[PDB]
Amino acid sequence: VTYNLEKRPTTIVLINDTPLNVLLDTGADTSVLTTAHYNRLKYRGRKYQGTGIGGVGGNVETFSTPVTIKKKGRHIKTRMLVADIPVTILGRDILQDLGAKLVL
């Protein structure tokens, strides 16, 4: 499917068997689950201390956690960062895995 960017490009993905609405973000080097979403996952793996992410207003602490993502019939097993941010973001690391491309 094609997102023409009239609205934020969001989609539903299953993370650790839990349907979540996520933002598809080409400006994020890496993917981040909000802490509220991490707390709602049906299953959670361990939490590994991380060394934060930087954005508009500064740096925010993160922890990483193992996840299984299912979408487009793919099964991706990877680590996602967890942080108190307003929305869960699939950045370039997972977008590349899913085959997403930006066309200009």
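Sequential numbering from 1, following the sequence displayed.
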Decide which of the stretches 64 to 72 and 41 to 49 has the higher mean C-alpha B-factor, going by the entry. 41 to 49
Between 53 to 61 and 26 to 34, which has the higher average C-alpha B-factor in the PDB entry? 53 to 61
So where's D93 on the chain's Cα temperature factor ranking, which third? middle
Among modelled residues of the same chain, the CA temperature factor third for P86: highest
